[PDB]
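K.L.:
Structure provided below as structure tokens; questions to follow.
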Amino acid sequence: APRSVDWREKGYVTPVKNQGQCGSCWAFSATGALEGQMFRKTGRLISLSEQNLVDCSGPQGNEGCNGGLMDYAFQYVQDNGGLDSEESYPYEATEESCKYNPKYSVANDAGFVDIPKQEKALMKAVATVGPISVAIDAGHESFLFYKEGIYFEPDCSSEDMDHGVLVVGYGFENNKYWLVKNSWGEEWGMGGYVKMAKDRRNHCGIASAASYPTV
Ligand SMILES: *C(=N)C1(NC(=O)[C@@H]2C[C@@H](S(=O)(=O)c3ccccc3Cl)CN2C(=O)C2(c3ccc(Cl)cc3)CC2)CC1
């Protein structure tokens, strides 16, 4: 694989979004991966609706603003036959009744792929597929306060994760990093991005539950 990748320079990635006061990280991670795969398939980047996922993917196992899984969101898109654009179905930061309208569906998938639990496997996926949804342990104030540089937290878990984000690339100086898009707005971190420690024993569990949709 290449020494470095940045899918933003290829047109795969929308600007940084803000989930606000709603536990919807999973939905932003999912739309980020689906934005990237839709662009791979069609050559058109269209911002996708997280609210659609929050309101409507309960049947697949998601819990709205209380949390959920990117894989459940990918399954919903399959089961549902589509997903509405961000423009058609704007973000409210609160759970509401489902208002999906197929007329405004701009994305679809035929399931998802769970990458095996190796950073080598995740690197190959990022290099070949596009942006990848990942689970990480973000339950440390060092993550909340992150501003710049390569993020390394001594107390991070490789096994227990609590935040879904999106890997959009990786790069180098040891001190290799994953280039991660977060959903906390552009004021957090490096314009809303964070560089996470790469090839340091699966730091923060970033290769523990990586996935993307089948498109
Ligand atoms: C987002 N604002 C919050 N975090 C979550 O919803 C996270 C997202 C995923 S995860 O990426 O942590 C993960 C963890 C383990 C295995 C796979 C994945 Cl994708 C799940 N989140 C959770 O907080 C948990 C969860 C799991 C399943 C459901 Cl339906 C709800 C919640 C607790 C694991 C809300 C802060």
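What follows is calculated from the coordinates using simple rules that are stated; it is not laboratory data. For neighbour counting, all protein chains shown are included, and Cβ atoms are generated from backbone atoms with ideal geometry for every residue, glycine included.
K.L.:
Within region 168-185, can you find the residues that are within 13 Å of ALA33 (Cα to Cα), more than 11 Å from the ligand (Cβ to nearest atom) and either out of contact with any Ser or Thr (no Cβ under 8 Å at 6 or more places or on another chain) or basic (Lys, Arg) (or both)?
P.N.:
If the condition is that a residue be within 13 Å of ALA33 (Cα to Cα), more than 11 Å from the ligand (Cβ to nearest atom) and either out of contact with any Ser or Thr (no Cβ under 8 Å at 6 or more places or on another chain) or basic (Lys, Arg) (or both), then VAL168, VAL180, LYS181 are the ones that fit.
K.L.:
If a residue must be under 20 Å from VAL165 (Cα atoms) and either away from the ligand (no atom under 15 Å from the Cβ) or touching a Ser or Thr at 6+ places or on another chain (Cβ under 7 Å) (or both), how many such residues does region 75-89 contain? Don't jump to the end; show me each part of the working.
P.N.:
Applying the first criterion (under 20 Å from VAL165 (Cα atoms)) to region 75-89 yields 75-77, 83, 85-86.
Keeping just the survivors that are either away from the ligand (no atom under 15 Å from the Cβ) or touching a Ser or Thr at 6+ places or on another chain (Cβ under 7 Å) (or both) gives 76-77, 83, 85-86.
Residues in region 75-89 being under 20 Å from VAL165 (Cα atoms) and either away from the ligand (no atom under 15 Å from the Cβ) or touching a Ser or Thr at 6+ places or on another chain (Cβ under 7 Å) (or both): 5 in total.
K.L.:
Among the numbered conditions (1) in contact with a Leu (Cβ under 8 Å, 6 or more places away or on another chain); (2) under 22 Å from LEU48 (Cβ atoms); (3) in a strand (DSSP E or B), tell me where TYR76 comes up short.
P.N.:
(3)
K.L.:
Which of the residues belonging to region 152-167 are farther than 22 Å from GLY23 by Cα and either near the ligand (Cβ under 9 Å from one of its atoms) or surrounded by 13 or more Cβ atoms within 10 Å (Cβ to Cβ) (or both)? Before you say what the answer is, go through the steps one by one.
P.N.:
Step one: filter region 152-167 for residues farther than 22 Å from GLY23 by Cα, giving 152-155.
Across region 152-167, the qualifying residues are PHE152, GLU153.
K.L.:
Can you give me the number of residues within region 109-142 that are out of contact with any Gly (no Cβ under 9 Å at 6 or more places or on another chain), among the small types (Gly, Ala, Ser), surrounded by 21 or more Cβ atoms within 10 Å (Cβ to Cβ) and in a loop (DSSP other than H, G, I, E, B)?
P.N.:
1
K.L.:
So which residues in region 19-40 are more than 18 Å from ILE136 (Cβ to Cβ) and not in a helix (DSSP H, G or I), if there are any at all?
P.N.:
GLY20, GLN21, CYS22 - these are the residues of region 19-40 that are more than 18 Å from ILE136 (Cβ to Cβ) and not in a helix (DSSP H, G or I).
K.L.:
Something else about it: What number goes with the only condition from (1) part of a strand (DSSP E or B); (2) over 19 Å from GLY23 (Cα atoms); (3) β-branched (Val, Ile, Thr) that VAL215 does not pass?
P.N.:
Here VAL215 meets the rest and fails (1).
K.L.:
Starting from residues that are assigned to a strand (DSSP E or B) and hydroxyl-bearing (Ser, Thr, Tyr), keep the ones in region 168-212 and report whichever is surrounded by the most Cβ atoms within 10 Å (Cβ to Cβ).
P.N.:
Pass one, region 168-212, residues assigned to a strand (DSSP E or B): 168-171, 177-181, 184, 190, 193-197, 211-212.
If we keep only those that are hydroxyl-bearing (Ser, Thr, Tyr) too, we end up with 170, 177, 193, 211-212.
Working: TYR170: 25, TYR177: 23, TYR193: 22, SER211: 22, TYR212: 29.
For region 168-212, the residue satisfying everything is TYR212.
K.L.:
So, in region 31-73, of the ones that are within 14 Å of the ligand (Cβ to nearest atom) and among the acidic types (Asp, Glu), which residue ends up surrounded by the fewest Cβ atoms within 10 Å (Cβ to Cβ)?
P.N.:
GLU63
K.L.:
Which condition breaks for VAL16 when tested against (1) touching a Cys at 6+ places or on another chain (Cβ under 9 Å); (2) assigned to a loop (DSSP other than H, G, I, E, B)?
P.N.:
The one condition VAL16 does not meet is (1).
K.L.:
May I pose another question? Out of everything in region 1-30 that is among the aromatic types (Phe, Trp, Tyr) and within 12 Å of the ligand (Cβ to nearest atom), what residue ends up being surrounded by the fewest Cβ atoms within 10 Å (Cβ to Cβ)?
P.N.:
Quick first cut of region 1-30, residues among the aromatic types (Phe, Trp, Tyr) only: 7, 12, 26, 28.
When the remaining residues are screened for being within 12 Å of the ligand (Cβ to nearest atom), the result is 26, 28.
Numbers: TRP26: 29, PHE28: 27.
Out of the qualifying residues, it is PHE28.
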